[PDB]
Amino acid sequence: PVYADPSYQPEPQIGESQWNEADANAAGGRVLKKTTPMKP
Amino acid sequence: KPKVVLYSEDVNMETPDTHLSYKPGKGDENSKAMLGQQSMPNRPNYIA
């Protein structure tokens, strides 16, 4: 029962390994808080 | 009524100048996962 270490996981450069992936029942990812200026 | 027809056949499958850059798992058994295998060209090698 290991969870993602929030300080660096999930790592933005890691995703699914194949083009034909089955929709995930549960997914994760990082996101920038509203307090960080938006840039392209 | 049939809308699509597929002429299925076996062929002498080869991959003489490429190798897999990604294989779902172990064993070369056909599966849905195998649809995502990735091929990569072999390294050039001039000999003379």
Side-chain angles (χ1 to χ4, degrees), chain A residues 1 3-22 24 26-40, chain B residues 2 4-22 24-25 27 30-31 33-48:
Chain A
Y3 293 76
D5 184 321
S7 63
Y8 73 107
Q9 309 179 316
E11 309 193 63
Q13 82 279 7
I14 303 187
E16 309 200 69
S17 301
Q18 303 185 207
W19 67 265
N20 62 321
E21 289 295 42
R30 311 195 77 73
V31 60
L32 300 164
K33 287 180 165 62
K34 58 194 167 190
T35 31
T36 297
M38 285 171 91
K39 290 298 182 175
Chain B
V4 181
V5 223
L6 299 187
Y7 292 61
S8 65
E9 75 203 324
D10 277 299
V11 301
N12 302 294
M13 185 68 80
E14 295 193 65
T15 55
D17 57 20
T18 61
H19 61 287
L20 303 170
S21 64
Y22 171 80
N30 282 13
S31 70
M34 292 296 261
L35 285 170
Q37 305 182 88
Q38 291 168 57
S39 183
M40 175 185 190
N42 292 348
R43 303 184 65 180
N45 194 28
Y46 292 107
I47 297 186

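Values reported hereafter were calculated over all heavy atoms of this structure, with side chains retained and with hydrogens, waters and symmetry mates removed. Each chain gets a letter, A, B and so on, in the order the sequences are listed, and its residues count up from 1.
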(message) Working to the nearest 0.5 angstrom, can you tell me the gap between A/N20 CG and B/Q37 CD?
(response) 10.5 Å
(message) Donor-acceptor check, side chain of A/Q18 to backbone of B/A33, threshold 3.5 angstrom: yes or no?
(response) yes
(request) Can you see which heavy atom on B/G36 is nearest to which on A/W19, and at what distance? (result) CA-NE1, 3.7 Å
